[PDB]
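Listed below are the residues making up each chain.
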Amino acid sequence: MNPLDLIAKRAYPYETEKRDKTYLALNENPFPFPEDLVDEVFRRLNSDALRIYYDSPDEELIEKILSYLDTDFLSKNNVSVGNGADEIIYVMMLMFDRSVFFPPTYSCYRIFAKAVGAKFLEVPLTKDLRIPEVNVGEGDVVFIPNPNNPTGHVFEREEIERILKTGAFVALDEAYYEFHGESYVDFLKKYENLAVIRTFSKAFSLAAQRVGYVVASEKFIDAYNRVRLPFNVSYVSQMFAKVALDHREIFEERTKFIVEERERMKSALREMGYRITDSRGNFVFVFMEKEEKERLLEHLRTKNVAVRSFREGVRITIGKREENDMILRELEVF
Amino acid sequence: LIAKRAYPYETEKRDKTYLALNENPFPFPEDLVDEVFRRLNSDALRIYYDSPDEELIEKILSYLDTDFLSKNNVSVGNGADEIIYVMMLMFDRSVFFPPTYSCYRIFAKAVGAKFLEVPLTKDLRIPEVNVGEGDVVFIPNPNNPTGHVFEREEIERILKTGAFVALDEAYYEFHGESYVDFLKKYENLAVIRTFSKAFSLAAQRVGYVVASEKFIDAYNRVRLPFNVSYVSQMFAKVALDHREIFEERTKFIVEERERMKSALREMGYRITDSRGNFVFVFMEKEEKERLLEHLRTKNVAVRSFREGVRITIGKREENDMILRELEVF
Ligand SMILES: Cc1ncc(COP(=O)(O)O)c(CNC(COP(=O)(O)O)Cc2c[nH]cn2)c1O
Ligand SMILES: Cc1ncc(COP(=O)(O)O)c(CN[C@@H](COP(=O)(O)O)Cc2c[nH]cn2)c1O
């Protein structure tokens, strides 16, 4: 009884979001999952398959993932899935002795670390958003989203490479890979102490279905597979990811619109005089002085607009054109 | 090094007639499947959807049909498995009694949780043990893989101990009696249920928990925020809105179970008094190996355990061939 309250008080309280009319605070894709693809999924659905325990990493889903990665060195043994990239990170924290990340970073790193009671360390990035000096080695997992959350800034190659050389296991969280070009998947050829985490959540408009995947060494994937829940991804969720990848041209078009919308907003913000990051994610970040930031949030709240607030300022997710314009119009006049 | 305490993952090719995973024998209804996609909002697939959704809690509550539980007493997991997995991250030590669910050992090792396996007595009764606050005791009732039911007294004794009881009612629909009413006295209890067996929804991963508000609150802070997909929650909701179609299937399942139980006894086999959706046949290992091979020859798969085989109830035909097979054996 008493120790359970001790469990609480150690982790952040569970809360749910109350979405405003124009929600741009969770990096969700602006467009719904394509309706004809939902119908495709409905049609490929074998009602008899619902009653069975369905191989979470589906054999054909791995194939599609491989296909998508389009490398010449990967095999099914280098890939696995997660109930969202969230679970991959979560279980990864169960696997290593200590988790290491650098704020500003994906806020769930801290939450999940405290949730599972894992030992972790937060070393802040330089004022230049560069990876600080740190003492890590085999035993630690270093979580590096890249593009970074919520800055969306892209780290330099020697930066990851440095951590990589320390023998520490790097978990390159490529949650925003799709909205940026590069990917360190190829690095899997030189380093074994690395894992690339992806999701269907941002570019495939499937955040509600929870599908993440990991590309890494056979030894890691095997380890991961022994630690994760056996059936972590539903038959229907996998079906959504497979259909999704069968029509990637569709989402390539949406991603292009998102990026073209990101740069448009980034340009407009500079013109207005705001300090912003060189975000390669599906969002933009604005540096603001607390007091002027708070003033901006109150104004936006008055207009049913929700963005993500941060110590450094605000993170704005890219939405539909009329939402992006709205953000610009309210920022202009303020 | 990335050691793993040697315990791989894999699912060999399921034989044609698969009776080894306590899976419902019937497909999810075609029309409920239709209803699910009917209520499917495409715009909601792109957002992060409250896993324990509000309507899902209302439905569950309604299905539990009690006079005290409120929304605060219920939560959900990505399969009953996830609820077990997270609970093991919440307590100092996990205690369970073999023969018991094989995944308790697996998830504990996997989650690095301290655990103690104390075998049930020779009469399948909860053994005497030193447990109290800090400890969490997993008791499936009906038990897996025997299907036998533990007496209320048994559960209560562990409860008085002050240790937390994780009452695993994965097979409840086939038994008919829950100890969820115990939440009126003990706060150190959680009942766990699933949609995988009685609702032919094993593939969609939806489990749920009924416990004290303090426990629900701590559980909700340790689990993944969005552990149950939007569509999975829809599937559970429609299943509950048509709960009578599954009670019919379940009635059939139990008939079949009792029918096989009489025939096996008659044939001379020693069995447990299973109240789940399967039977348990005791077999002296060597001969068991014989059956397994034989069945392997007929494309038939059952589950093998140290004391025998657990055969899941399938369609009337599958059951018939099973009785016939055990007969000619
Ligand atoms: C007693 C018990 N508790 C929980 C579960 C989980 O059900 P879900 O996660 O689908 O909601 C189960 C399910 N049992 C099996 C078979 O068990 P065994 O043959 O390993 O002893 C199905 C299963 C689930 N995860 C792996 N296998 C049970 O029985
Ligand atoms: C860096 C990073 N990694 C993983 C994920 C999630 O992947 P999945 O959806 O497959 O689990 C995210 C997503 N970011 C979210 C917004 O973060 P914020 O609360 O700090 O603004 C969405 C989210 C998902 N769970 C909680 N929040 C990510 O950015």
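Enquirer: Looking at this structure, how should I read the pattern of salt bridges?
Expert: Once the charged atoms of two side chains with opposite charge are near each other, the side chains can pair. Residues and elements named next belong to chain A. Within the structure shown, the criterion is met by 60 salt bridges over all chains. One salt bridge in this structure joins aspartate 222 and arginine 226, with 2.9 Å as the shortest N-O distance. In this pair, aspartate 222 and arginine 226 are both assigned in helix 7 (residues 218-227), four residues apart and thus about one turn of the helix distant. For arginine 301, the salt bridge goes to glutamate 298, with nearest N and O atoms at 3.2 Å. With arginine 301 and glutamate 298 both in helix 10 (residues 290-302) and three residues apart, this pair spans about one turn of that helix. Relative accessible area serves as the criterion here: at 47%, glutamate 298 is assigned to the partly exposed category. When salt bridges that share partners are traced, they join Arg44, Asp58, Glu60, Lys64, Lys242 and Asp246 into one network.

Enquirer: So what exactly am I meant to see when it comes to the sheet that holds strand 1 (residues 22-24) of chain A here?
Expert: Neighbouring strands of a sheet are bound in pairs by backbone hydrogen bonds; such pairs are parallel or else antiparallel. Residue and element names in this part refer to chain A. One open sheet holds the five strands; their spatial order is 1-11-12-10-9, and the pairing between them is mixed. Strands at the two margins of the open sheet, each flanked by one partner only, are strand 1 and strand 9 (275-276). Bridging between strand 9 and strand 10 (residues 283-287) involves two bridges; their strand directions are antiparallel. In the strand pairing of strand 10, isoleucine 276 is matched with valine 286. With respect to the sheet, helix 11 (residues 321-332) is in contact with strand 1, strand 11 (305-309) and strand 12 (313-317), its orientation differing from that of strand 1 by roughly 90°.

Enquirer: Sorry if this is basic, but what is going on with the site of ligand 1 here?
Expert: Around ligand 1, a shell composed of 21 residues is seen, among which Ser102, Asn144, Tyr171, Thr194 and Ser196 of chain B lie nearest. At the site occupied by ligand 1, nearby residues are drawn from chains A and B. For ligand 1, an oxygen atom lies 2.6 Å from a polar atom in the side chain of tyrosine 171 of chain B. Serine 196 of chain B is positioned with one of its side-chain polar atoms (N or O) 2.5 Å from an oxygen atom of ligand 1. Taken by itself ligand 1 offers 620 Å² of open surface, and the protein chains cover 96% of this. Of all the secondary structure elements, the ones that give two or more residues to the shell around ligand 1 are helix 3 (79-90), helix 4 (102-111) and strand 10 (300-305) of chain B. Per-element tally for the shell around ligand 1: the top contributor is helix 3 of chain B, with four residues. Mapping the shell around ligand 1 onto the domain boundaries places at least three of its residues in each of domain 1 (1-38 + 242-329) and domain 2 (39-241) of chain B.

Enquirer: Help me understand the packing of helix 2 (residues 54-64) of chain B against helix 8 (residues 230-241) of chain B, please; the structure alone is not making it clear to me.
Expert: Each packed pair of helices is defined by two parameters, the angle between the axes and the distance between the axes. All names here are of chain B. Across the interface, helix 2 lies against helix 8 with an axial gap of 10 Å and an inter-helix angle of 35°. Helix-helix and strand crossings are classified by hand; for helix 2 and helix 8 the assignment is left-handed. Across the interface between the two elements, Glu55, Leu56, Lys59, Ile60 and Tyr63 from helix 2 touch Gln233, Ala236, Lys237, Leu240 and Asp241 from helix 8. A breakdown of the residues in the contact of helix 2 with helix 8 according to their chemical character gives five nonpolar, one polar and four charged.

Quick notes on the rules
- Residues numbered from 1 in each chain as written, not as in the entry; some residues may be left out.
- Chains lettered and ligands numbered in written order.
- Heavy atoms only, no water.
- Salt bridge = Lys/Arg side-chain N within 4 Å of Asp/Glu carboxyl O.
- Helix = DSSP H or I, 4+ residues; strand = E, 2+ residues; numbered from the N terminus.
- Buried < 20%, exposed > 50% of the residue type's maximum accessible area, 1.4 Å probe, protein only.
- Pairing = 2+ DSSP bridges.
- Contact = heavy atoms within 4.5 Å.
- Axes fitted to C-alpha atoms, helices over the stretch in contact; angles between N-to-C directions.
- Near = heavy atom within 4 Å.
- Polar contact = N/O pair within 3.5 Å; in protein donor to acceptor, adjacent residues only side chain to side chain.
- Areas by Shrake-Rupley, 256 points an atom, 1.4 Å probe, with all protein chains shown as cover.
- Domains from an automatic or database assignment.
- Left-handed = near helix turned anticlockwise from the far one by under 90°.
- Nonpolar A, V, L, I, M, F, W, Y, C, P; charged D, E, K, R; others polar.

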